[PDB]
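Note that these values count all heavy atoms, side chains included, but never hydrogens, waters or copies made by symmetry. Chain letters run A, B, ... following the sequence lines, proteins first and then strands; every chain starts at 1.
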There are 2 protein chains.
Amino acid sequence: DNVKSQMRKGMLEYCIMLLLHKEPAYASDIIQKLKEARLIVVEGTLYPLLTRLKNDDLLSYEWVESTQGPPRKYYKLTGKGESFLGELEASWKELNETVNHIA
Amino acid sequence: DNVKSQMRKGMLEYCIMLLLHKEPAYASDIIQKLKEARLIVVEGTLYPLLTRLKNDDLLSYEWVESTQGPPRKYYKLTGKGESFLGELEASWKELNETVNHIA
Ligand SMILES: OC[C@H]1O[C@H](O)[C@H](O)[C@@H](O)[C@@H]1O
Ligand SMILES: OC[C@H]1O[C@H](O)[C@H](O)[C@@H](O)[C@@H]1O
């Protein structure tokens, strides 16, 4: 219920930070890169997490302004985002020295 | 702040479920197996997560009753815990088909 929900948000949040770490991207680029990974994540799911990560200053954005379409948010992983990402990746790595003790 | 906190709880929660998946254990066994993994996690950190995972029926416990010491909680990963754990491990695995698209 609550634990499952937060942990699943966490996985998706980590995945967003992962995808943004090399290239900045529109939400639509993120959705598309997920599609290539055989993952469907809709706007209803993706948008609030982007907002949550921006609010904690892990992501930041600038508006891309046009005359042809609406303003689009162009997201990048911040300094704080890159450091926290580095922490998490090393923690998954440690979680395989754990996977030795479990088995 | 908030995102960092929930994501770190998530990592530890996953680690607890990982450690409990083969063997049931006292909190002290979990702390000890973490010590062997070069990880220090104190009671103040571990206890509320165990409680949180039990409350979502991912863990369950029975009291070990003695005349020599106090009652001790003996924890195991539930059916629901094992299934959710299986979901998460496969999701980390998928997160390496993601790690190809990131690079
Ligand atoms: O607000 C416009 C939104 O749609 C655009 O297609 C972009 O993918 C996204 O970054 C932005 O949030
Ligand atoms: O309540 C007693 C507590 O301490 C014991 O040492 C056990 O490690 C733990 O499972 C239990 O929660």
Tell me, please, which residues at least two apart from [X] pass side chain to side chain donor-acceptor pair (under 3.5 Å).
X: A:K54; answer: none
X: B:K33; answer: B:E23
X: B:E89; answer: none

**OP:** Start with the C-alpha gap between A:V41 and A:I31, add the side-chain angles, then the distance that decides, and say whether side-chain contact (heavy atoms from CB on, under 4.5 Å) holds.
**Re:** CA-CA 6 Å; A:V41 184; A:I31 292 158; 5.7 Å; no
Using a 4.5 Å cut-off on heavy atoms from C-beta on, say whether the side chain of [Y] contacts that of [X].
X: B:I40; Y: B:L34; answer: no
X: A:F84; Y: B:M7; answer: yes
X: B:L77; Y: B:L85; answer: yes
X: A:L20; Y: A:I16; answer: yes
X: B:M17; Y: B:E82; answer: no
X: B:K9; Y: B:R52; answer: yes

Look up atom [atom1] in [X] and atom [atom2] in [Y], then write down how far apart they are to the nearest 0.5 Å.
X: A:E13; Y: B:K4; atom1: CD; atom2: NZ; result: 13.0 Å
X: B:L59; Y: B:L49; atom1: CG; atom2: CG; result: 10.0 Å
X: A:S83; Y: A:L88; atom1: OG; atom2: CG; result: 11.5 Å

Original post:
Distance-only, no hydrogens or angles: does the B:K35 side chain make a donor-acceptor pair with backbone N or O of B:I30 under 3.5 Å?
Top reply: no
Subject >> Any donor-acceptor pair under 3.5 Å from B:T78 side chain to B:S60 backbone >> reply: no
**OP:** Return each pair, listed once, that meets ring pair (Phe, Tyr, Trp, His ring centres under 6.0 Å) where at least one residue sits in residues 20-53 of chain A; pairs must be two or more places apart or across chains.
**Re:** A:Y26-A:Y74
Considering all heavy atoms, the nearest [X]-[Y] contact:
X: A:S91; Y: B:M11; answer: CB-CE, 3.6 Å
X: A:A27; Y: A:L50; answer: CB-CD1, 3.8 Å
X: A:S66; Y: A:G69; answer: OG-N, 3.2 Å

**OP:** Evaluate whether atom CD of B:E87 has more than 12 neighbouring non-hydrogen atoms of other residues, nucleotides or ligands under 6.0 angstrom away.
**Re:** yes
Identify each donor-acceptor pair in which a side-chain atom of residues 95-103 of chain B lies under 3.5 Å from a protein atom, sequence neighbours left out, and give them as a table.
| unit_1 | atom_1 | unit_2 | atom_2 | d |
| --- | --- | --- | --- | --- |
| B:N96 | ND2 | B:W92 | O | 2.9 |
| B:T98 | OG1 | B:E94 | O | 3.3 |
| B:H101 | ND1 | B:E97 | O | 3.2 |

Original post:
Are B:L53 and B:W63 connected, step by step, through hydrophobic side chains (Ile, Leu, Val, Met, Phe, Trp, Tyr) whose heavy atoms are closer than 4.5 Å?
Top reply: yes
Subject >> Contact list for residues 63-78 of chain B, test salt bridge (charged side-chain N to carboxylate O under 4.0 Å, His left out), sequence neighbours left out >> reply: none
